[PDB]
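**Q** Fold the following for me, if possible:
(one chain, ligands or ions: 4)
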Amino acid sequence: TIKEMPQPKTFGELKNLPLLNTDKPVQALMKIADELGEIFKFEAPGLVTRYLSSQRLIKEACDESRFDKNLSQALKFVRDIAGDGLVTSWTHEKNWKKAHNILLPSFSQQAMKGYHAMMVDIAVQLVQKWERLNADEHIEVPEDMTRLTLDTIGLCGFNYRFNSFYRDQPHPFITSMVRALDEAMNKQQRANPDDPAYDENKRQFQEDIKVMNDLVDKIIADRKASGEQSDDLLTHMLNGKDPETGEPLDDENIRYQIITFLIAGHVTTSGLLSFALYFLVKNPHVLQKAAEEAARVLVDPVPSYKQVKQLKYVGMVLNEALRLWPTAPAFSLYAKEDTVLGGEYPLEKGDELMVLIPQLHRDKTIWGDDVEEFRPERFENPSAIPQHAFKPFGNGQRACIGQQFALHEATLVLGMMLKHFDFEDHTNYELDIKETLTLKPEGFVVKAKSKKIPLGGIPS
Ligand code: HEM
Ligand code: NI
Ligand code: NI
Ligand code: NI
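**A** Numbers count the residues shown, from 1 in each chain. Ligands and ions are numbered 1, 2, ... in the order given. Coordinates below:
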């Protein structure tokens, strides 16, 4: 039964904190998991947490009756940006359940059919950008994927056009958002956050948020200027009421949800698409098989909703990309009551767990020894995979609400990418994963050759 938990090097009162003195901390928690195993203790000033890495222990952690969602120190900081929005609010603090009930219809499958036409509107824009490049020019993949995913959630969700393909540098929203999220991640290393040395950081942050909120002001303003009726994510936000309480969303809260969905609805998807395209050019026979399916299925000028759902292997490319590098690399849980995990490590009420998603997906006692290798064929049969062995979208009633939204978009775009282009690893890119809480490959550049297949029109 019971045994004690391994713990990495400690540095006096700082405990394990100096170990995360890196701009790549998740990949460093991976270095440690490989050392100490399926579980280890991480202490910092005024916080302890247990990092899980095995399917064995994580299967237990996803028992909603034993464990509830925890706000990690990261999310506690992000809360300064997103407030008590869907992602950063407690399960029992329910402006959550209130918003959950109000918004969940916007991700009903009848709603997905509504978004598709708008998803193609942006997807066409991406393809046309690349089909209009000159032969000497490179494609900045994560940059352009971000343009695609921001504009999609912007249109589908709020009927607002960021028009990112009409812009040189990133949208002012993106610059503020990235910098503000970098602050939340970087603040995890400050032993004294309120030292006046970080006054410049506190000042930049309040201005970054000023910028993000003045965009939200635009979205709501343009909305009350009417556009006949709408039933997108923003409409249900303004007019929907929680059946349990008969109450609509607080004014302070509708703003937090817009911020939430603008951020949460695109950073991990562009990350996914950038990781997917990366793996394809590093495994050309996988790229071929995927491109062949793309050509075989997408026969009309623009993809139909049904056609996207027929791209099974393109879906497998995505899931495998999410396996090797889940772009939301971790989520937290707390013990509802006293209990014992894996019958070996006893936990007190309110103790904190971290599910290290990249290490879960490298569990050799689930996936084989060929963990690091990119084989989409693992997902050829969903029925096979044990539950809680694959968790890129979290768990339970607080798993990703936008999961179907992300995968439908990603498959659609990746579909059109393979139908319309060949891809050359122009720089022989060495994978350099950048962390802003989320994961994305930085500096990734490809070259595209057009297959010269015309495009049609757009429904929306
Ligand atoms: C590949 C893309 C995505 C990944 C990997 C991902 C991952 C996740 C994860 C792990 C969680 C749980 C967080 C936690 O347990 O602390 C989550 C929740 C959430 N996601 Fe996603 N997500 C993706 C795309 C999206 C999209 C497209 C949307 C669009 C709206 C979205 C909106 C949300 C929201 C609102 C929550 C919180 C829901 C709740 O807990 O009530 N995500 N996501
Ligand atoms: Ni025993
Ligand atoms: Ni070149
Ligand atoms: Ni061959």
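**Q** count of neighbours near residue 255?
**A** Burial of residue 255 is recorded as 20 neighbouring residues (other CB atoms under 10 Å). For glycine as for every other residue, the C-beta is placed from the backbone atoms N, C-alpha and C.
**Q** Skipping adjacent residues, who's closest to it in space?
**A** Nearest residue to residue 255 in three dimensions, chain neighbours excluded: residue 216, at 5.6 Å (CB to CB, 6 or more residues apart in numbering).
**Q** dump the residue contacts of that neighbour.
**A** Residues in contact with residue 216 (CB atoms under 8 Å, 6 or more residues apart in numbering) are 255, 258-259, 262.
**Q** same thing but at 10 Å, please
**A** Contact analysis of residue 216 by CB atoms under 10 Å, 6 or more residues apart in numbering lists 158, 173, 254-259, 262.
**Q** Between which two of the residues you listed is the distance greatest?
**A** 173 and 254 (17.6 Å; CB to CB).
**Q** okay, the two: which has more neighbours?
**A** Using other CB under 10 Å as the criterion, residue 173 and residue 254 rank with residue 173 on top: 22 against 18.
**Q** quick one: the residue most central in space within the chain and residue 356, what's the gap?
**A** Centroid-nearest residue in the chain: residue 268, 2.7 Å away (criterion: CA atoms, centre = their mean). Going from residue 268 to residue 356 by CB to CB, to the nearest Å gives 17 Å.
**Q** quick one on the thing from earlier: and the helix or strand containing the residue nearest to residue 255, which residues are buried?
**A** Residue 216 is part of helix 199-223 when elements are defined by DSSP states H and E. The neighbour-count check on helix 199-223 (16 or more other CB atoms under 10 Å) flags 201, 205, 208-209, 212, 215-216, 219-220, 223 as buried.
**Q** so which pair among the residues you listed is furthest apart in space?
**A** It's 201 and 223 that sit farthest apart of the buried residues of helix 199-223, by CB to CB, at 33.4 Å.
**Q** hmm, back to that, which helix or strand contains the residue nearest to the centre of the chain?
**A** Assigned by DSSP H and E, residue 268 falls within helix 267-282.
**Q** and that helix with ligand 1, contact?
**A** Yes. Among the residues of helix 267-282, 268-269, 272 lie within reach of ligand 1 under CB under 6 Å from any ligand atom.
**Q** so how far is the helix holding residue 216 off the chain centroid?
**A** In terms of CA atoms, centre = their mean, to the nearest Å, the centre of helix 199-223 is found 22 Å from the chain centre.
**Q** Over to stretch 172-187?
**A** Put simply, stretch 172-187 sits 15 Å off its chain's centre (CA atoms, centre = their mean).
**Q** Now do the buried residues in that stretch.
**A** For stretch 172-187, by 16+ other CB under 10 Å, it's 173-174, 176-185, 187.
**Q** And for stretch 27-34?
**A** 28-30, 32-33.
**Q** and the spatially closest residue to residue 222 that is not a sequence neighbour, what helix or strand is that in?
**A** Excluding the flanking residues, the one nearest residue 222 by CB to CB, 6+ apart is residue 160, at 6.4 Å. Take DSSP H and E as the rule and residue 160 turns out to sit in neither a helix nor a strand.
**Q** Would you check that residue 160 makes contact with residue 217?
**A** No. Residue 160 is not in contact with residue 217 according to CB atoms under 10 Å; the separation is 11.6 Å.
**Q** and this protein, which residues reach ligand 1?
**A** Residues of the chain lying near ligand 1 (CB under 6 Å from any ligand atom): 69, 86-87, 100, 153, 260-261, 264-265, 268-269, 272, 326-328, 331, 392-394, 398-402, 405-406.
**Q** Return the members of those residues classed as buried.
**A** 69, 86-87, 100, 153, 260-261, 264-265, 268-269, 272, 326-328, 331, 392-394, 398, 400-402, 405-406.
**Q** which ones among those are found in helices?
**A** If you go by DSSP state H, these have 100, 153, 260-261, 264, 268-269, 272, 405-406 in helices.
**Q** What is the nearest of those to residue 435?
**A** Lowest distance from residue 435 to these (CB to CB) belongs to residue 268, with 12.5 Å.
**Q** which one is the closest one nearest to, not counting chain neighbours?
**A** Nearest to residue 268 is residue 327, by CB to CB, 6+ apart, at 4.1 Å.
**Q** who's in contact with that neighbour?
**A** So residue 327 contacts 267-275, 321, 357, 392, 406, 438-440 (CB under 10 Å, 6+ apart).
**Q** Phi and psi next, for the residue in the chain positioned nearest to ligand 1.
**A** For the chain, the residue closest to ligand 1 is residue 402, as judged by CB to the nearest ligand atom, at 2.1 Å. The phi and psi torsions at residue 402 (degrees, to the nearest 10) take the values phi -100, psi 20.
**Q** How much space separates it from residue 26?
**A** Applying CB to CB, the value for residue 402 to residue 26 is 21 Å.
**Q** Run through the strands of the stretch 101-250 of the chain in chain order.
**A** Along the stretch 101-250 of the chain, counting by DSSP state E, counting those that start in this stretch, strands occupy 139-140, 241-242, 247-248.
**Q** Including mean neighbour count, could the ones you listed go into a markdown table?
**A** Formatted as a markdown table, the strands of the stretch 101-250 of the chain follow (neighbours: other CB atoms under 10 Å):
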| stretch | mean neighbour count |
| --- | --- |
| strand 139-140 | 18 |
| strand 241-242 | 16 |
| strand 247-248 | 14 |
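**Q** Turn those strands into TSV, including distance to residue 12.
**A** Shown next, in TSV, are these (distance: least, CB to CB, whole Å):
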stretch	distance to residue 12
strand 139-140	43
strand 241-242	49
strand 247-248	50
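**Q** Run the chain-centre distance for stretch 279-286.
**A** 23 Å.
**Q** residues of it that come out buried?
**A** 279-281, 283, 286.
**Q** Give me the contacts around that stretch.
**A** Stretch 279-286 is contacted from outside by 141, 287-291, 313, 316-317, 320-321, 324-325, 373-377, 414, 417-418, 423-426, 428-429, 431, 441, 444, 446-447, using CB under 10 Å, 6+ apart.
**Q** Among these, which are located in strands?
**A** Taking DSSP state E, the ones among these that sit in strands are 423-424, 441, 446-447.
**Q** could I get the residues you listed as TSV with distance to residue 344 and neighbour count?
**A** Compiled in TSV, the ones in strands among the contacts of stretch 279-286 are given as follows (distance: CB to CB, whole Å; neighbours: other CB atoms under 10 Å):
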residue	distance to residue 344	neighbour count
423	47	19
424	50	13
441	37	20
446	46	20
447	52	19
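**Q** quick one, what contacts residue 258?
**A** Taking CB under 10 Å, 6+ apart, one finds 82, 85, 157-158, 160, 212-213, 215-217, 219-220, 233-234, 237 in contact with residue 258.
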